[PDB]
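Here the Cβ positions follow ideal geometry from the backbone for every residue, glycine too, while neighbour counts run over all protein chains shown. All of the numbers you see were taken from the coordinates with simple rules; none came from a lab.
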Amino acid sequence: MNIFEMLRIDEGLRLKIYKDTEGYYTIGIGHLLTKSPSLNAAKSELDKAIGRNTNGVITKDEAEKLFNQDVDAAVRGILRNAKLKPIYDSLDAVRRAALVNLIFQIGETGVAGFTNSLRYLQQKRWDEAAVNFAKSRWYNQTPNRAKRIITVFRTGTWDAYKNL
Ligand SMILES: [Cl-]
Ligand SMILES: [Cl-]
Ligand SMILES: [K+]
């Protein structure tokens, strides 16, 4: 198991523009295209992303391409976040992956309300952070996925992703 496989399990793989759980235009492996309700706009974003005139459908390889970029950028931004880096730095590999996954999903803006949960992680108070993470819109709107992420934050093992 690793961040790519993990996120690959959580976001799936779709080669054609689709709407995510929030109803936004996305493609590939959870690659958000825009929060705009306009399909054209989404398609434009796609075109900008891939670097060609696609008409909403991409190849597997392309999809993977944007996914690599996505993971990398997420990590990179966590590292540029003064509030985030310390957290990340304090965690073991598995847990870090959970953190990247979370940010890949909700973004820094998203991660912004997790202050208290992040702190419990920092203090290595696993169970408490776990309870805390659950009290959030994030958990409420994507409870299955949240639950896995949370088990990883709590346990430090990939058990939750075993068998998926
Ligand atoms: Cl992009
Ligand atoms: Cl879910
Ligand atoms: K998805």
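Brief remarks follow.
- Between 0 and 90°, nearest 10: helix 60-79 axis offset from the chain longest Cα axis: 40
- With the simple model of a label 7 Å out from the Cα in the direction of the Cβ, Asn144 to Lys162 spans 2.1 nm.
- Placing unit charges on each Cβ (+1 for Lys and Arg, -1 for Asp and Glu) gives the chain a dipole about its Cα centre, and among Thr157, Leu66, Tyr139 the Cα reaching farthest toward its positive end belongs to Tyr139.
- Angle in degrees between helix 39-50 and the longest Cα principal axis of the chain, rounded to the nearest 10: 80
- P(r) weight above 16 Å for region 108-164, C-alpha pairs, percent: 41
- Dipole size of the chain about its Cα centre, with +1 on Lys/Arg Cβ and -1 on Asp/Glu Cβ: approximately 300 debye, rounded to the nearest 20.
- Of all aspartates and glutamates in the structure, the ones whose alpha carbon falls short of 18 Å from that of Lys162, not counting any fewer than 8 places away in one chain, are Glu5, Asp10, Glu11.
- Principal-axis tilt of helix 143-155 within the chain, Cα atoms, nearest 10 degrees: 40
- Sequence-distant residues sharing a close amide H with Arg14 (under 5 Å, placed H): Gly28, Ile29, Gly30
- The distance from the alpha carbon centre of region 66-83 to that of region 87-150 is 16 Å, rounded to a whole number.
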